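Visitor: pasting an experimental structure with its sequence.
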Amino acid sequence: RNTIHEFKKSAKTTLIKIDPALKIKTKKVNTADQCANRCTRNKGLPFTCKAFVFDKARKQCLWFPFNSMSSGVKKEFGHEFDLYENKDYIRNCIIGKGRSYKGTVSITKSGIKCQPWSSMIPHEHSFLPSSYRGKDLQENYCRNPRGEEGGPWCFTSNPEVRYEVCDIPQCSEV
Amino acid sequence: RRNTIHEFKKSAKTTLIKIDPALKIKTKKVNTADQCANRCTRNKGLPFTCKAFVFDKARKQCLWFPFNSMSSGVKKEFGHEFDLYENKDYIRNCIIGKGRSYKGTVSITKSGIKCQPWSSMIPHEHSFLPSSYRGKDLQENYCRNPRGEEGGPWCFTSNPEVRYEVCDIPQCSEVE
């Protein structure tokens, strides 16, 4: 029963533990799925498994008690790496205008699937990841790169509808 | 067509009734609740963001919704033939204050110990019966803070040696 799908994947990335206080359980393994379930089930791990980098080359897992947003770590490239962040630890509600939203919702308020940011079709635009470094304009996730009034949005996969806001809840709704 | 049903928090014998006559809904006769789930996760052919769905077992019908139990203008109701499945991307996964209202599904203590089900007395015997904390959602082995104590969500651990331990659930300030 694999669970990688409940992980937000960042291809060719990895985190750096430059603070020796939080650990990093490392282990030899065959597939990334194996890293997934061990993190999801939190088995043999002395902490809350929040993220995991699977080293494609040396074929092993790096179970982390933190993720790319933890105050202390840093993320870098490597074609041989794949980062997986447990979604329970990626905030799923927005605060304010959602400029910091790094969730994975990729459907607009009307239910239309979002167009990938790196794509110019069906809608040509200038919100390239390259122009909005730090904004995580990855995949087709709803984002608010310019932090505008309106909240997270995305260009839609429907040719007739250029963009639409997404239906992401404010954290302050009780 | 992978079964997406596990990415939903299930509340058995529960359905949602919309108090706001304007909330959208879409239904359809299917065969299994797995069908409701896959369609809800893919958001295929639904005119809103699918945040939850109810499977009517008596009619074998999916009721897809753009709201969940925590939405305003909606009410929970008991029902033998209904099961409620809530999409986890819409159940707040951080806590405001002490976490009294936390309804997420984290079931692991901050030390990595799997929680003990609330309705179980093994390994730890306790007086936290769900029935006496209605509205508290003491279901499964989810980390909860029924009495709203400082220190936030906690659970009885399945470690016979550790009676209970708090959970590692981030503040939405932003735990830092």
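Guide: That came through fine. Numbers count the residues shown, from 1 in each chain, chains lettered A, B, ... in the order given.
Visitor: can you name the residues that contact residue A:140?
Guide: Residue A:140 makes contact with A:106, A:113-117, A:154, A:157 under the criterion Cβ atoms under 8 Å, 6 or more residues apart in numbering or on different chains. (C-beta placed from N, C-alpha, C; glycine too.)
Visitor: mind redoing it with 7 Å?
Guide: By Cβ atoms under 7 Å, 6 or more residues apart in numbering or on different chains, the contact list for residue A:140 reads A:106, A:114-117, A:154.
Visitor: again, but for residue A:162
Guide: Residues in contact with residue A:162 (Cβ under 7 Å, 6+ apart) are A:123, A:155.
Visitor: how near is it to residue A:155?
Guide: As for residue A:162, its distance to residue A:155 is 6 Å (criterion: Cβ to Cβ, to the nearest Å).
Visitor: intersection of neighbour lists for these two?
Guide: residue A:123.
Visitor: of the contacts of residue A:140, which is the nearest to chain B?
Guide: Distance to chain B across the contacts of residue A:140 (Cβ to the nearest Cβ) is lowest for residue A:106, with 8.9 Å.
Visitor: from the contacts of residue A:140, which ones fall inside strands?
Guide: Among the contacts of residue A:140, DSSP state E puts residue A:154 in strands.
Visitor: select from the contacts of residue A:140 the one having the most neighbours.
Guide: Among these, residue A:154 has the most neighbours (other Cβ atoms under 10 Å in any protein chain shown), with 28 neighbours.
Visitor: and the contacts of residue A:140, which two are the farthest apart?
Guide: Using Cβ to Cβ, the contacts of residue A:140 reach their maximum pairwise distance at A:106 and A:117, which is 10.4 Å.
Visitor: that's a helix at residue A:99, yeah?
Guide: No. Per DSSP: H, G, I helix; E, B strand; the rest coil, residue A:99 lies outside any helix segment and is coil.
Visitor: measure it to residue B:154 for me?
Guide: Separation of residue A:99 from residue B:154 (Cβ to Cβ): 33 Å.
Visitor: and the contacts of residue A:140 near chain B, which?
Guide: Among the contacts of residue A:140, no residue lies close to chain B (Cβ under 7 Å from any Cβ of the partner chain).
Visitor: show me what residue A:114 is bridged to.
Guide: residue A:156 (DSSP bridges).
Visitor: just checking, it touches residue A:105?
Guide: No. Between residue A:114 and residue A:105 there is no contact under Cβ atoms under 7 Å: 8.7 Å.
Visitor: many thanks, we can stop here.
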